[PDB]
Every structure is written in structure tokens, then in C-alpha cells.
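Peer 1: Build me a model from this:
(chains A, B, C and D, ligands or ions: 1)
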Amino acid sequence: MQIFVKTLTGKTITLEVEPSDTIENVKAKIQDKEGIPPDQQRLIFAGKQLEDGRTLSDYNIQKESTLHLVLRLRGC
Amino acid sequence: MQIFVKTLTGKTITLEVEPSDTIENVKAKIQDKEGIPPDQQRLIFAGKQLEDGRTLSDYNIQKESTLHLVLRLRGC
Amino acid sequence: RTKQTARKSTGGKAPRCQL
Amino acid sequence: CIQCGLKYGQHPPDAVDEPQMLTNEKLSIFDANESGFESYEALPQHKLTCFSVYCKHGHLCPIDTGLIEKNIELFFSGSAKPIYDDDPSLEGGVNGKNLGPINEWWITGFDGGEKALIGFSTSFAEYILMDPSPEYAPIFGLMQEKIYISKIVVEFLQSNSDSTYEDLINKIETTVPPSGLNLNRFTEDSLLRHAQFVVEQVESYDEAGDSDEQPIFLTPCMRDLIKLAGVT
Ligand SMILES: [Zn+2]
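Peer 2: Residues are numbered from 1 along each chain as shown, chains lettered A, B, ... in the order given. Please see the structure below:
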């Protein structure tokens, strides 16, 4: 199924996922598409930050759900 | 008695505490367990910042209460 | 796809800040 | 003023101080467990709307005129909201007062996304700005054009290392300015009048990069810009 990942700028990424995918897998697919290291990524759905070991099924993330991607920013 | 301390990083801390413990004593317990210096700790309960020099009984804080820990970083 | 970190640029910083 | 250097700063009567504000359940983004989700060294990060910045005694101030670098303490008020919130209304926010002082302000969002994002860092939290209060809105708007140009420049240099100054101007001229900026089009002078700031943002962005990704400072576009505009 397709889900969307939206950043704070409004940028929207489309991913191909299965309900059994873990949040860890989704961060890897975000890295694949956007180059962002998974250690920078915080994923939020239904108001709560998501845990890497849990699955999309665990969170009831469904077809065309939108996840919010918040980044642990590099800065000087 | 047991109380809980919930951080702003998604952690729940369990402490062993007495009604006669001062807020400073509670912060020292958090230092013992998490390594956070007490001067960087702020403890909030039910909207109210808990002041050094008062005890848990002064605030009528009972067993299994959940305090909320806010950290002030040193420097910037 | 090539690594691309997420970053902020500093608009202003107080001289009190060392890191 | 010995801090500042005219409008004044107000806040709702229910506003609270920064630690009390940050523990409000409306800003709880975790289902807490025994392990935790973030490092103790990471500041909580929220949205902040209806914001206003003022000096240690009452006057609305800008943040880009050097006050921060003179170590003047600027405080701010506003309604903190969950980090994912896109609604700039006060609805679902938590009113805070005398937040800060601002230790650092910054630009982020070099996504290709629509928004340029501005952030404040305090000793307690980080805040990504949404809309200014009506009375702070004139001061905030003065800064918006150079912020957005900096975003376009960084994003163009990220995706066009082998590009040329004229191609950067073409990207600037064809970028539709976002709403609320009240301009029809960016122009080459939109870049040149702000060239010192823009170049400083590019190099700060470069400095934050990992020592294994291609810089964007040392480019044909930037050296033409440094020359053409007198950048130090
Ligand atoms: Zn002043």
C-alpha cells in the first residue's frame, strides 16, 4: 500500500509499504528516497512519536495514512 | 513510598521517596539514577513548579503521584 | 540515493553560547 | 533603551512560564516508557504561534539587527503547539510568557518544501515559528524576504552543484514568492540587497554538514555572488 510522509515544510514523500513493516523499515525507505539518515528521523502519527520496533499494523497506519517526519537537525 | 517522574524525552522514572523528603532530595535521587545534576532539574506537578526547600508533604504529594521533569541545559 | 543530512543555518547566536 | 536601542508586548492572562508550559499535556508527544525516546541532551521541540519578541523590559524588538550578538536578552511570548501542527490559530495551544531568552535563532527546511522555517533555541526548548501576533507582525515581516531567498539559494546549490550564477537567478526569478510576503516576483536585486546574510546562511549550512558530503560554499554561483555584491 502507499503511505505519505510529510515534513514540517509541507514536502510530501510517497512510500510503498506493508502493514507488517516496522517503523525501522519505514525510516530506511525514507533514507533510500531522501538520503536522510534514520538517526535523524522522528516519525509521528496520531499525535505520538512512533517506536522503531513496532509495525504499521500496531499503530493502525492504513492505506494513504500520512506520517509526520520531524528531524533531529544538524547545526553549529 | 513510590512516585514516578516523567521526562520530556518519553521516559518514566520510578523513585523511592518519603513524604518528609525535600524537593532538593528528590532531585538528588534523580541525579543518582539518571545522572542529571539537580541544578538543571525543574519538577512540575499538576501545573505547579515545585520549589526547593519544600517537602513532598508540603505539596500533599502522595504515593504513586507522577511528577514532570523539565531540564535546563547548561550553556548553549 | 546520496546521503543528505537535515540541517539548520544559524541566523543569530549569543556570545554566551560555547559548544 | 539600554537593552532595545513603537509597540509593546502583551500576553493572555492565562499564560504560564516556560517549564510549566512545556509539561502541559497538549504538548505530550510520547507514550513514555522505561527506556525513553530522546537523549537528555535533546531539547523538546514544538511549534509556536501568535509570537512576539521583546527586550528585558517590554518593547517589541527585531532579532536580526545584532541585539542577539550583543548578548541582549530577548524574551518571547506565544502559544506553543504540537510540533506536527499546521494550524496557526491559538486553538489547541498552550499560552506561554517570558520564554527564553533566545540563545540562538535559525533557519531550516531546505527540503524543496514550500515553507521556510524559523526556529528559536532556549535553554529549555526549541520552537518552530508559525504566525506572529498581529502587533509583532510588522517587525517579523521585515525579515521574511531574506529568509526565503536563503532557502532558495541553499536548495538550488544542493541540487545544482554544477550550475552557474545566471541559472541561480533564473530559479530565483521563477520562484513564486509565498503568500503574506506581498510581492509579485523575486528579482536579482532581491538576492543582491541581502547578499551578506544569504552568503552567511550558505556557509553556516555548509558548516553543519557532515565531513563527508559535498560543500556548497565553494561553487561558481557563490564566488560570482561574493564578487558582484561586495560580500566580505
Ligand atoms: Zn528595549
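
Peer 1: CA atoms of the helix or strand containing residue D:120 as PDB?
Peer 2: Assigned by DSSP states H and E, residue D:120 belongs to strand D:117-121. Presented in PDB, the C-alpha positions along strand D:117-121 are these (Å, rounded to 0.1, in the frame of the first residue of the first chain):
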ATOM      1  CA  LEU D 117      11.000  27.600   8.800                       C
ATOM      2  CA  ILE D 118      12.500  29.800  11.600                       C
ATOM      3  CA  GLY D 119      13.400  28.300  14.900                       C
ATOM      4  CA  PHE D 120      14.300  29.700  18.400                       C
ATOM      5  CA  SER D 121      16.500  27.800  20.800                       C
END
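
Peer 1: near chain B at all, the helix or strand just after it?
Peer 2: Per DSSP H and E, the first helix or strand lying C-terminal to strand D:117-121 is strand D:126-129. No - with C-beta under 8 Å from any C-beta of the partner chain as the measure, strand D:126-129 is seen stopping short of chain B, the closest distance being 10.8 Å. Every residue, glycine included, has its C-beta placed from N, CA and C.

Peer 1: contacting residues for the residue in chain C that the ion sits nearest to?
Peer 2: Nearest residue of chain C to the ion, counting by C-beta to the ion: residue C:14, 16.4 Å away. Counting by C-beta atoms under 8 Å, 6 or more residues apart in numbering or on different chains, residue C:14 touches B:76, D:68, D:69, D:71, D:101, D:102, D:103, D:104.

Peer 1: Neighbour-wise, give me the winner out of those.
Peer 2: Highest neighbour count within the contacts of residue C:14, by other C-beta atoms under 10 Å in any protein chain shown: residue D:68, with 25 neighbours.

Peer 1: Can you report phi and psi for that one?
Peer 2: Residue D:68 adopts backbone torsions of phi -60, psi -40, taken as degrees, to the nearest 10.

Peer 1: Am I right that it is in contact with residue D:120?
Peer 2: No - using C-beta atoms under 8 Å, residue D:68 is not in contact with residue D:120, being 10.3 Å away.

Peer 1: Give me the neighbour count for residue 13.
Peer 2: I went with chain A, as the question did not name one. Residues near residue A:13, counting by other C-beta under 10 Å: 17.

Peer 1: should've been chain D
Peer 2: 6.

Peer 1: How about residue A:43?
Peer 2: So residue A:43, with other C-beta under 10 Å, has 21 neighbours.

Peer 1: is it true that it lies in a strand?
Peer 2: Yes - the assignment for residue A:43 (DSSP: H, G, I helix; E, B strand; the rest coil) places it in a strand.

Peer 1: Tell me if I'm right that it and residue A:52 touch.
Peer 2: No - between residue A:43 and residue A:52 no contact is recorded; they are 9.0 Å apart, counting by C-beta under 8 Å.

Peer 1: Can you show me the strands along the chain?
Peer 2: In the absence of a named chain, chain A is used. Listed in chain order, the strands of chain A (DSSP state E) span residues A:2-7, A:12-16, A:41-45, A:48-49, A:66-71.

Peer 1: Switch to chain D, please.
Peer 2: In chain D, the strands defined using DSSP E lie at D:45-55, D:74-81, D:94-99, D:104-108, D:117-121, D:126-129.

Peer 1: my guess is residue A:59 contacts residue A:50, does it?
Peer 2: Yes - judged on C-beta under 8 Å, residue A:59 makes contact with residue A:50 at a distance of 6.3 Å.

Peer 1: ok, now which ones touch the closest residue in space to residue C:17 that isn't next to it in sequence?
Peer 2: Nearest non-adjacent residue to residue C:17, counting by C-beta to C-beta, 6 or more residues apart in numbering or on different chains: residue B:76, 3.9 Å away. By C-beta under 8 Å, 6+ apart, residue B:76 lies in contact with C:14, C:16, C:17, C:19, D:103, D:104, D:121, D:123.
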